[PDB]
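As structure tokens, the next two blocks hold two forms of the same chain, structure 1 and structure 2.
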Structure 1
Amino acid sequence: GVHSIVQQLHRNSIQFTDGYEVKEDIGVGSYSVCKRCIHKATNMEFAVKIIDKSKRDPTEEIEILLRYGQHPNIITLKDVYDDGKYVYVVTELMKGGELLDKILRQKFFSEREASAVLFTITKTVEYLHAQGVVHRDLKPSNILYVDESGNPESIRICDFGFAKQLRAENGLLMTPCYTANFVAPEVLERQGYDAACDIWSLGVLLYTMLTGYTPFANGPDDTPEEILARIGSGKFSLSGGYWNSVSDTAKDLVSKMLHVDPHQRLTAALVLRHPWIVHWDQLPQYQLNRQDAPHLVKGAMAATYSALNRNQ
């Protein structure tokens, strides 16, 4: 019967609208609304996610953000409130846009930049996995730039809304290195899987960065059945106008990250040992030959994640 500090936030005298001005929307959905806010005292602007407690309980999310937001490349919690009905999660606002989009509108993007981007993202996931966290919605739209600098220090992984802290009996938080509290080889494989999905979702990103098309969809018109069908077929082009020019190192990494069998799919650990990541210095800085269709890709990408999330 442990005290949770998060549960007690309705005890606060001060309210959100006492400290912050609200502005426009930026991300409406079933459970929550994301709005831009201005902090009255500082005139500093933030993102505030306004969640409905009747529709879900955002505690698991907030506890992850508290523990792991200090990570440079993880969205950072900045305030939080409870008025009874609504939880107000305040975080740094991502002014830089979605990372993939921005990158696809850069026509002189190179492999060398691609490796730096993946290194920063995969480093961050190696850390999360290592504390028995899995993201489980690591689609491109959830990886954003905090500013327009285009540094890898700008990269932020966002929306921890379906993420899972490997718990266990007695309601007790665990690592993947310690579960001497023998947990079912059932829900080691749940988390053992959901790690490798996070990695698959990173393979999709790398595929698209390199070529300017997603590997399992051409556009948003593509049907669920035919996207799932291609995912299942477990083959993909690493050949042709877009790929011809890309180094075999990169293609190799892509194959093992999107590898159809979860058990032979690379880890974040192993991704970071691949020479594409490790020997970045010997990669090319000259431009990639990519499709220039960012808005198509965004549709294709949404179509892909909507087929995967359909049954849930």
Structure 2
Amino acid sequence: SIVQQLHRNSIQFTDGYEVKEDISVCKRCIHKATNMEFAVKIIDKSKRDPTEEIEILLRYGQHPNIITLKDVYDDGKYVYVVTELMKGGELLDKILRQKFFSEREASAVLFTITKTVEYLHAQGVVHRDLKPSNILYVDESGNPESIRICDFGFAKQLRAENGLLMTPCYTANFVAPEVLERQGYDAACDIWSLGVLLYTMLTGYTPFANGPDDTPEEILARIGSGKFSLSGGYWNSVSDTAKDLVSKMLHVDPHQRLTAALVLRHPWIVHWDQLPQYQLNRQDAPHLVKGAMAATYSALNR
């Protein structure tokens, strides 16, 4: 059993920071030393125990497009995770509110986000919650470089029976089959969530939900063998190639579903320059989509 080096020190969190309003619970804080603002996720050690989460942030937070860990504190009761504060709002939210947005931009956004997940998968890490509310802009520059994946609270590292850290490529140590099994699903679910992101970006509405009032039963009935709709209406002006990527990302059978690696090799991603640069015809109800998203993931987690 190796030592876990965490918390238990002199300087408290309150000493170096001051807590502003809300944004486990998230709140905007300020570093009173430099007067710089950050975000602090307060976790209840009597509930979660975010040892798995903090490990990922420390190790992978270096990634440009992954929310960066700026500090961490432990008072013995609660765990304080200080990260960079997202000033650009929700990615999908902002995009849907742009009257002028095209596939060329949609492919560049998904590329940056998928390239990020391909890295996490290769290190044996699965987010397991990819919903759009966790993908945010650090700033308003509008560039995909300002994109950040956030809230790894449900994230998981691949480990062997020994407790060792494992990567998908190196199999030489024993890992419980059902662990490798779930690891498969969890990785496929991440791509599925990204499939829901692309579908909404293109059309302007969610595939399995209309609005927040949709019953979980019907939402799950759709998500089930039930097939989504890639044609007519908002799909008429959408490129045929783009429709192909969406169907394979949302494929009902996980084993037939596309992998982050393959997604990046898709002509839609590979040849972006072929894609249309003109504004997409979409529904504008960003707030309604918000309700649909929450409702969709509420049925999943219940």
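Take the two forms, find the largest set of C-alpha atoms that superpose within 1.5 Å, and that set is the rigid core. Residue 1 is the first residue of structure 1, and the numbers go on in sequence order from there. Only residues modelled in both forms are compared.
Once you line up the core between the two structures, the Cα of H10 ends up 2 Å or more from where it was.
Overlaying the rigid core between the two structures leaves the Cα of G234 displaced by 3.9 angstrom. Every Cα shifting by 2 Å or more, across three or more consecutive residues, marks a moved region; comparing between the two structures on the rigid core, these regions are 4-11, 182-186.
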